[PDB]
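Visitor: Here it is, the structure in full.
Every number here is computed from the coordinates shown, using simple stated rules; none is lab data. Counting neighbours? That spans all protein chains shown, and the Cβs are built from the backbone with ideal geometry, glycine included.
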Amino acid sequence: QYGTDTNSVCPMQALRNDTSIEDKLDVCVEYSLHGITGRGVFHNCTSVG
Amino acid sequence: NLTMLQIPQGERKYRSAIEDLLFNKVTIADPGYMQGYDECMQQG
Ligand SMILES: *[C@@H]1O[C@H](CO)[C@@H](O[C@@H]2O[C@H](CO)[C@@H](O[C@@H]3O[C@H](CO[C@H]4O[C@H](CO)[C@@H](O)[C@H](O[C@H]5O[C@H](CO)[C@@H](O)[C@H](O)[C@@H]5O[C@H]5O[C@H](CO)[C@@H](O)[C@H](O)[C@@H]5O)[C@@H]4O)[C@@H](O)[C@H](O[C@H]4O[C@H](CO)[C@@H](O)[C@H](O)[C@@H]4O[C@@H]4O[C@H](CO)[C@@H](O)[C@H](O)[C@H]4NC(C)=O)[C@@H]3O)[C@H](O)[C@H]2NC(C)=O)[C@H](O)[C@H]1NC(C)=O
Ligand SMILES: *[C@@H]1O[C@H](CO)[C@@H](O[C@@H]2O[C@H](CO)[C@@H](O)[C@H](O)[C@H]2NC(C)=O)[C@H](O)[C@H]1NC(C)=O
Ligand SMILES: *[C@@H]1O[C@H](CO)[C@@H](O)[C@H](O)[C@H]1NC(C)=O
Ligand SMILES: *[C@@H]1O[C@H](CO)[C@@H](O)[C@H](O)[C@H]1NC(C)=O
């Protein structure tokens, strides 16, 4: 199943070291957040949800 | 009395009073011709 949990199941071979977004704001990056992957542009915002 | 149809007499205005009243009752999105790309970059 895809996208039904806030955490994921991952094969060990797919794991990578964490990186920060602080020096990569407002530019297109590839992301992998707790198993959810994609491309996008990130900006600091007031918290909602 | 033709006041409502005339442009009032800083930078000069470009709308009469009645034109102002009409435009204020219509909701139109701003396309941002000058710098809309950066404004959208300021996401919210
Ligand atoms: C020969 O022809 C040329 C071409 O026609 C003539 O040149 C034009 O002359 C006029 C008059 O001098 C110039 O107008 C000024 O332009 C300023 C710059 O505007 C740009 O930047 C703005 C942000 O900084 C931006 O908002 C603006 O774009 C919005 O507005 C335009 C219309 O003006 C729309 O087409 C855009 O889509 C956009 O609209 C959105 O925002 C609007 C405003 O909220 C909404 O109404 C709209 O629905 C949209 O949501 C553009 O990119 C601009 O700053 C100047 O603004 C002042 O004057 C106008 C008109 O009186 C007021 O309405 C403003 O509020 C503001 O007022 C006061 O001005 C004085 C003096 O600057 C200032 O001291 C005071 O503090 C201001 N205070 C207030 C109350 O706000 C003004 O619009 C125009 O740019 C020229 N075009 C060029 C050079 O290409 C030329 O004169 C002709 N020659 C002869 C001899 O006739
Ligand atoms: C012509 O009509 C306009 C309205 O269409 C009059 O202007 C208004 O007058 C009232 C009362 O002084 C003000 O509160 C409004 O703000 C005015 N509206 C404007 C200036 O757009 C105007 O006084 C009339 N002229 C005469 C001489 O009858
Ligand atoms: C990832 O982090 C671990 C623990 O700090 C470290 O041992 C490893 O070398 C890091 N890998 C890379 C490629 O930097
Ligand atoms: C992001 O915004 C929040 C809330 O406005 C602020 O407290 C925080 O410090 C900002 N982050 C950075 C890295 O400046």
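Visitor: Quick check: convex hull over the Cα atoms of chain A, volume per residue in Å³, rounded to an integer?
Guide: Numbers: hull volume 5.2 nm³, N = 49.
Per residue, the Cα convex hull of chain A comes to 105 Å³.
Visitor: When you take every Cα atom in chain B, what is the radius of gyration, and what is Dmax, the widest Cα pair distance, in Å?
Guide: Spelled out, the Cα radius of gyration and Dmax of chain B are 15.5, 48 Å.
Visitor: Quick check on the exposure proxy: order B:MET34, B:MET41, A:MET12 from fewest to most C-beta atoms within 10 angstrom.
Guide: Placing the least packed residue first, the sequence is A:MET12, B:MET34, B:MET41.
Visitor: State the three equivalent ellipsoid semi-axes of the protein assembly as shown, derived from the C-alpha gyration tensor as the square roots of 5 times its eigenvalues, in descending order and whole Å.
Guide: 52, 16, 10
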